[PDB]
Structures are given as structure tokens and as C-alpha cells.
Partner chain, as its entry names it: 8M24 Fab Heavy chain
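Taking the form solved without the partner chain, here's one chain by itself in C-alpha cells.
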């Protein structure tokens, strides 16, 4: 019916914006503990709203290809859904030399998306639907 304290209501969704960083899997588990999920972006207006609140900061979202194809954490279909990748992304870059490609999506400093190493610590956003 309503969002918990320190959460922001927007278009029937509640959002919590971290002010600290976590590896993607740890951010994912943090959102689950709160009965939420990492933010799932399905429109230009929702993208604009998230971008306004995070500012120019690398921030994890609930999109990954750890099991093969790109998937949203709540089952929202990727192929038929909203996409806002940065130019030349996703690229599954191995050149970071950290092992593996890049399997986790994050907003970049301009809001557009990048795939990065899931173990990098970034700020994240939780979302729950009313």
C-alpha cells in the first residue's frame, strides 16, 4: 500500500538508493532481505527517475547474463523489454584480466548501461512494487 521509511515512491514502485558499494551478488541478496529486488527498468520515464536520484555514479541494476542470456532478476522479459545500453555495450570484455567476461549490468555516469565484472563494488538500487 505504501513504501517503507527512507524509500522513494515513483509510479507505484518503491526505491531505495544505496550510499555504499557491494559486489553484484551481495547487492542482489541485500534487496532480497528487504523483500525487494535490484531495480528493473521498463521505460524511459523510469530510467530518467533512477538517473536523477543516483547522479553520475556507477550503480548496479537487476540485469545479468550469468546463466547465459540477459535476464532481469524478477523474470521481466529482456528481448521484448526496454534497453538503454551505452554505445559499444554490452561487450563481455575479458581485458580487465580479472577472470571471465562481464556479466552484470550497471548504470554508467551518463545513465546508459554497461556490462561489468560482477565482483566490482558499486552502489545499487532496490525496488519493490505496490
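Numbering follows the first chain given and starts at 1.
Unshown form solved in complex with the partner chain; subsequent notes refer to it.
- Only one segment in the set 73 to 81, 101 to 109, 30 to 38, 44 to 52 has residues whose heavy atoms sit within 4.5 Å of the partner chain in the entry with it bound; it is 30 to 38.
- Taking the partner from elsewhere, residue 10 is found to have every heavy atom lying beyond 4.5 Å of the partner chain in the entry with it bound.
- Residue contact with the partner chain in the entry with it bound: residue 113 places no heavy atom within 4.5 Å of it.
- Contact between residue 16 and the partner chain in the entry with it bound is found at the 4.5 Å heavy atom cutoff.
- With contact defined as any non-hydrogen atom lying within 4.5 angstroms of the partner chain in the entry with it bound, the contacting residues in 91 to 130 are 124, 128, 130, given in sequence order.
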